[PDB]
$ cat query35.cif   # mmCIF, C-alpha atoms and all ligand atoms
data_target
#
loop_
_atom_site.group_PDB
_atom_site.id
_atom_site.type_symbol
_atom_site.label_atom_id
_atom_site.label_comp_id
_atom_site.auth_asym_id
_atom_site.auth_seq_id
_atom_site.Cartn_x
_atom_site.Cartn_y
_atom_site.Cartn_z
ATOM 1 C CA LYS A 1 114.434 17.873 -15.619
ATOM 2 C CA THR A 2 114.137 16.633 -19.255
ATOM 3 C CA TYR A 3 111.482 15.978 -21.898
ATOM 4 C CA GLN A 4 110.513 12.377 -22.797
ATOM 5 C CA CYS A 5 108.755 10.903 -25.862
ATOM 6 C CA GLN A 6 105.041 10.014 -26.163
ATOM 7 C CA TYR A 7 105.487 6.767 -28.159
ATOM 8 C CA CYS A 8 108.598 4.928 -26.919
ATOM 9 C CA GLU A 9 110.805 6.196 -24.044
ATOM 10 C CA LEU A 10 113.567 8.279 -25.658
ATOM 11 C CA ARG A 11 114.441 11.702 -24.252
ATOM 12 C CA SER A 12 116.590 14.576 -25.479
ATOM 13 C CA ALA A 13 116.553 17.589 -23.143
ATOM 14 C CA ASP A 14 113.727 19.866 -24.306
ATOM 15 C CA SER A 15 110.965 19.883 -26.957
ATOM 16 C CA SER A 16 113.350 21.854 -29.227
ATOM 17 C CA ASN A 17 114.898 18.687 -30.729
ATOM 18 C CA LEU A 18 112.538 15.958 -29.436
ATOM 19 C CA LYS A 19 109.821 17.197 -31.888
ATOM 20 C CA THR A 20 111.968 15.939 -34.797
ATOM 21 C CA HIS A 21 112.531 12.484 -33.211
ATOM 22 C CA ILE A 22 108.752 11.920 -33.145
ATOM 23 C CA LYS A 23 107.945 13.059 -36.728
ATOM 24 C CA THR A 24 110.558 10.671 -38.213
ATOM 25 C CA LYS A 25 110.582 7.540 -35.972
ATOM 26 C CA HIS A 26 106.839 7.540 -35.090
ATOM 27 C CA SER A 27 105.372 9.731 -37.877
ATOM 28 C CA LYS A 28 102.042 10.667 -36.228
ATOM 29 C CA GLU A 29 99.476 8.906 -38.488
ATOM 30 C CA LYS A 30 101.628 8.315 -41.592
HETATM 31 ZN ZN ZN B 101 110.007 8.014 -29.532
#
$ encode --input "query35.cif" --output "structure tokens"
Amino acid sequence: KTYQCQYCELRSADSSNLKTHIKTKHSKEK
């Protein structure tokens, strides 16, 4: 149905936007 995060538990709809969420609120290994 939707796409979820891989760090917390916040969803958007599809990868399309979700990608951004991650980079800024989790910032891979930065
Ligand atoms: Zn997240």
$ atom_distance --input "query35.cif" --atom1 "atom CA of residue 15 of chain A" --atom2 "atom CA of residue 2 of chain A"
8.9 Å
$ residues_near_ligand --input "query35.cif" --ligand "ligand ZN 101 (chain B)" --cutoff "7 Å" --atoms "all atoms listed in the file" --output "list in words"
residues 5, 6, 7, 8, 9, 10, 21, 22, 25 and 26 of chain A
$ write_last_selection --input "query35.cif" --atoms "C-alpha atoms" --output "JSON list (two decimals), in the frame of the given file"
[["chain", "number", "residue", "atom", "x", "y", "z"],
["A", 5, "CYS", "CA", 108.76, 10.90, -25.86],
["A", 6, "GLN", "CA", 105.04, 10.01, -26.16],
["A", 7, "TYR", "CA", 105.49, 6.77, -28.16],
["A", 8, "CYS", "CA", 108.60, 4.93, -26.92],
["A", 9, "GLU", "CA", 110.80, 6.20, -24.04],
["A", 10, "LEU", "CA", 113.57, 8.28, -25.66],
["A", 21, "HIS", "CA", 112.53, 12.48, -33.21],
["A", 22, "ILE", "CA", 108.75, 11.92, -33.15],
["A", 25, "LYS", "CA", 110.58, 7.54, -35.97],
["A", 26, "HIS", "CA", 106.84, 7.54, -35.09]]
$ resolve_selection --input "query35.cif" --expression "the PyMOL selection byres (((chain A and resi 1) around 10) and not hetatm)" --output "number ranges by chain"
A: 2-4, 13-14
$ decode --input "query35.cif" --residues "chain A" --atoms "N, CA and C atoms" --output "PDB file, in the first residue's frame"
ATOM      1  N   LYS A   1       0.856  -1.222   0.000  1.00  0.00           N
ATOM      2  CA  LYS A   1       0.000   0.000   0.000  1.00  0.00           C
ATOM      3  C   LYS A   1       0.885   1.263   0.000  1.00  0.00           C
ATOM      4  N   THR A   2       1.740   1.390   0.985  1.00  0.00           N
ATOM      5  CA  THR A   2       2.655   2.574   1.081  1.00  0.00           C
ATOM      6  C   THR A   2       4.086   2.073   1.321  1.00  0.00           C
ATOM      7  N   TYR A   3       4.948   3.039   1.450  1.00  0.00           N
ATOM      8  CA  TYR A   3       6.402   2.809   1.693  1.00  0.00           C
ATOM      9  C   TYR A   3       6.671   3.382   3.091  1.00  0.00           C
ATOM     10  N   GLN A   4       7.398   2.627   3.873  1.00  0.00           N
ATOM     11  CA  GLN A   4       7.754   3.025   5.275  1.00  0.00           C
ATOM     12  C   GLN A   4       9.249   3.380   5.337  1.00  0.00           C
ATOM     13  N   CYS A   5       9.685   3.836   6.484  1.00  0.00           N
ATOM     14  CA  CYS A   5      11.120   4.214   6.660  1.00  0.00           C
ATOM     15  C   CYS A   5      11.908   2.987   7.140  1.00  0.00           C
ATOM     16  N   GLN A   6      13.208   3.133   7.195  1.00  0.00           N
ATOM     17  CA  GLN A   6      14.097   2.012   7.641  1.00  0.00           C
ATOM     18  C   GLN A   6      14.883   2.401   8.909  1.00  0.00           C
ATOM     19  N   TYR A   7      14.458   3.470   9.534  1.00  0.00           N
ATOM     20  CA  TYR A   7      15.123   3.968  10.780  1.00  0.00           C
ATOM     21  C   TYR A   7      14.107   4.224  11.894  1.00  0.00           C
ATOM     22  N   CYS A   8      13.039   4.914  11.571  1.00  0.00           N
ATOM     23  CA  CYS A   8      11.993   5.214  12.582  1.00  0.00           C
ATOM     24  C   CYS A   8      10.745   4.426  12.147  1.00  0.00           C
ATOM     25  N   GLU A   9       9.695   5.127  11.822  1.00  0.00           N
ATOM     26  CA  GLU A   9       8.421   4.476  11.382  1.00  0.00           C
ATOM     27  C   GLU A   9       7.530   5.525  10.701  1.00  0.00           C
ATOM     28  N   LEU A  10       8.157   6.332   9.882  1.00  0.00           N
ATOM     29  CA  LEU A  10       7.419   7.405   9.149  1.00  0.00           C
ATOM     30  C   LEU A  10       7.296   6.998   7.686  1.00  0.00           C
ATOM     31  N   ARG A  11       6.091   7.115   7.190  1.00  0.00           N
ATOM     32  CA  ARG A  11       5.801   6.758   5.769  1.00  0.00           C
ATOM     33  C   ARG A  11       5.410   8.010   4.995  1.00  0.00           C
ATOM     34  N   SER A  12       5.363   7.835   3.704  1.00  0.00           N
ATOM     35  CA  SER A  12       4.992   8.949   2.780  1.00  0.00           C
ATOM     36  C   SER A  12       3.892   8.365   1.888  1.00  0.00           C
ATOM     37  N   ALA A  13       4.334   7.682   0.867  1.00  0.00           N
ATOM     38  CA  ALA A  13       3.436   7.025  -0.121  1.00  0.00           C
ATOM     39  C   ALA A  13       4.372   6.068  -0.853  1.00  0.00           C
ATOM     40  N   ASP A  14       5.291   6.659  -1.580  1.00  0.00           N
ATOM     41  CA  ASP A  14       6.299   5.887  -2.364  1.00  0.00           C
ATOM     42  C   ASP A  14       7.707   6.469  -2.173  1.00  0.00           C
ATOM     43  N   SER A  15       8.674   5.649  -2.520  1.00  0.00           N
ATOM     44  CA  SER A  15      10.125   6.021  -2.422  1.00  0.00           C
ATOM     45  C   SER A  15      10.335   7.503  -2.777  1.00  0.00           C
ATOM     46  N   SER A  16       9.817   7.829  -3.936  1.00  0.00           N
ATOM     47  CA  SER A  16       9.842   9.193  -4.563  1.00  0.00           C
ATOM     48  C   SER A  16      10.202  10.377  -3.643  1.00  0.00           C
ATOM     49  N   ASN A  17       9.517  10.431  -2.529  1.00  0.00           N
ATOM     50  CA  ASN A  17       9.717  11.510  -1.513  1.00  0.00           C
ATOM     51  C   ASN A  17      10.464  10.960  -0.289  1.00  0.00           C
ATOM     52  N   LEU A  18      10.025   9.807   0.152  1.00  0.00           N
ATOM     53  CA  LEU A  18      10.638   9.122   1.338  1.00  0.00           C
ATOM     54  C   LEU A  18      12.184   9.228   1.341  1.00  0.00           C
ATOM     55  N   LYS A  19      12.787   8.992   0.200  1.00  0.00           N
ATOM     56  CA  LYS A  19      14.287   9.072   0.070  1.00  0.00           C
ATOM     57  C   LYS A  19      14.844  10.310   0.801  1.00  0.00           C
ATOM     58  N   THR A  20      14.231  11.433   0.511  1.00  0.00           N
ATOM     59  CA  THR A  20      14.635  12.734   1.130  1.00  0.00           C
ATOM     60  C   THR A  20      14.557  12.627   2.655  1.00  0.00           C
ATOM     61  N   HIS A  21      13.390  12.258   3.149  1.00  0.00           N
ATOM     62  CA  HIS A  21      13.188  12.112   4.636  1.00  0.00           C
ATOM     63  C   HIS A  21      14.461  11.520   5.271  1.00  0.00           C
ATOM     64  N   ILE A  22      14.770  10.328   4.826  1.00  0.00           N
ATOM     65  CA  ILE A  22      15.967   9.577   5.313  1.00  0.00           C
ATOM     66  C   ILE A  22      17.237  10.454   5.331  1.00  0.00           C
ATOM     67  N   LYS A  23      17.715  10.799   4.163  1.00  0.00           N
ATOM     68  CA  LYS A  23      18.946  11.646   4.035  1.00  0.00           C
ATOM     69  C   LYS A  23      19.079  12.809   5.036  1.00  0.00           C
ATOM     70  N   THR A  24      17.978  13.461   5.319  1.00  0.00           N
ATOM     71  CA  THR A  24      18.008  14.618   6.276  1.00  0.00           C
ATOM     72  C   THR A  24      17.736  14.350   7.766  1.00  0.00           C
ATOM     73  N   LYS A  25      16.847  13.446   8.065  1.00  0.00           N
ATOM     74  CA  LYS A  25      16.524  13.133   9.504  1.00  0.00           C
ATOM     75  C   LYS A  25      17.307  11.938  10.075  1.00  0.00           C
ATOM     76  N   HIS A  26      17.927  11.174   9.213  1.00  0.00           N
ATOM     77  CA  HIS A  26      18.727   9.985   9.654  1.00  0.00           C
ATOM     78  C   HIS A  26      20.172  10.124   9.170  1.00  0.00           C
ATOM     79  N   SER A  27      20.319  10.733   8.016  1.00  0.00           N
ATOM     80  CA  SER A  27      21.659  10.965   7.382  1.00  0.00           C
ATOM     81  C   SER A  27      22.612   9.766   7.527  1.00  0.00           C
ATOM     82  N   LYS A  28      22.303   8.782   6.720  1.00  0.00           N
ATOM     83  CA  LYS A  28      23.035   7.471   6.619  1.00  0.00           C
ATOM     84  C   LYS A  28      24.121   7.230   7.691  1.00  0.00           C
ATOM     85  N   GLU A  29      25.314   7.691   7.412  1.00  0.00           N
ATOM     86  CA  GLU A  29      26.469   7.538   8.350  1.00  0.00           C
ATOM     87  C   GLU A  29      27.203   8.890   8.441  1.00  0.00           C
ATOM     88  N   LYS A  30      26.413   9.918   8.622  1.00  0.00           N
ATOM     89  CA  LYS A  30      26.938  11.312   8.736  1.00  0.00           C
ATOM     90  C   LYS A  30      26.453  11.865  10.078  1.00  0.00           C
TER      91      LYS A  30
END
